[PDB]
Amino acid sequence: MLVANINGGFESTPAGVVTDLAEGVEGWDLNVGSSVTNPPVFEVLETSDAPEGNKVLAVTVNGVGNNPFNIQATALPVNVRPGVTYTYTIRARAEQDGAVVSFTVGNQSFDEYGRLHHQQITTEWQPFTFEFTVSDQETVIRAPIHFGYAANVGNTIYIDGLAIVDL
């Protein structure tokens, strides 16, 4: 497969809790804003029900901040070509009912090309997909996933298999 993003299924990362948020996970940048006073736990988990490979990323939300982007996992770099249309696909599920996530893609200037907004995440793995076009002259973009929704407090959201593919 040809994908724009790196380590989209976390298979390069050792299992364990991630505390180097910017660089602990190849291909991703994790962020927690300081308004989040009960910080989340980001963990790469080895599990037999990983949709891809043997590992997933688990995000346990113990609290939230002021905006959903105050807890994020962002794929970066994401290598693309100006004017090309891409398919985004990812897999997600949650430990408990009632989780919400937005899956977005944007450039280094934080201009957003597209998103799937307040997706309802269930306890079963589901694919989440949308198309976007690189409508400017950027070649290296990013794919922020927002987890900091109040409804997620006390839940764990699992993601795997991000693939951004030249349509």
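The numbering used is simple: start at 1 and walk along the sequence shown.
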| property | result |
| --- | --- |
| Greater mean Cα temperature factor according to the PDB record, 47-55 or 120-128 | 47-55 |
| Candidate residues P40, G98, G106, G33, the one whose C-alpha B factor the record puts highest | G98 |
| Assigned third (lowest, middle, highest) for the C-alpha B factor of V84 | highest |
| Assigned third (lowest, middle, highest) for the C-alpha B factor of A163 | lowest |
| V61, C-alpha B-factor rank within chain (lowest, middle or highest third) | lowest |
| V3 - Cα temperature factor, lowest/middle/highest third of chain | middle |
| Chain-relative CA temperature factor third for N155 | middle |
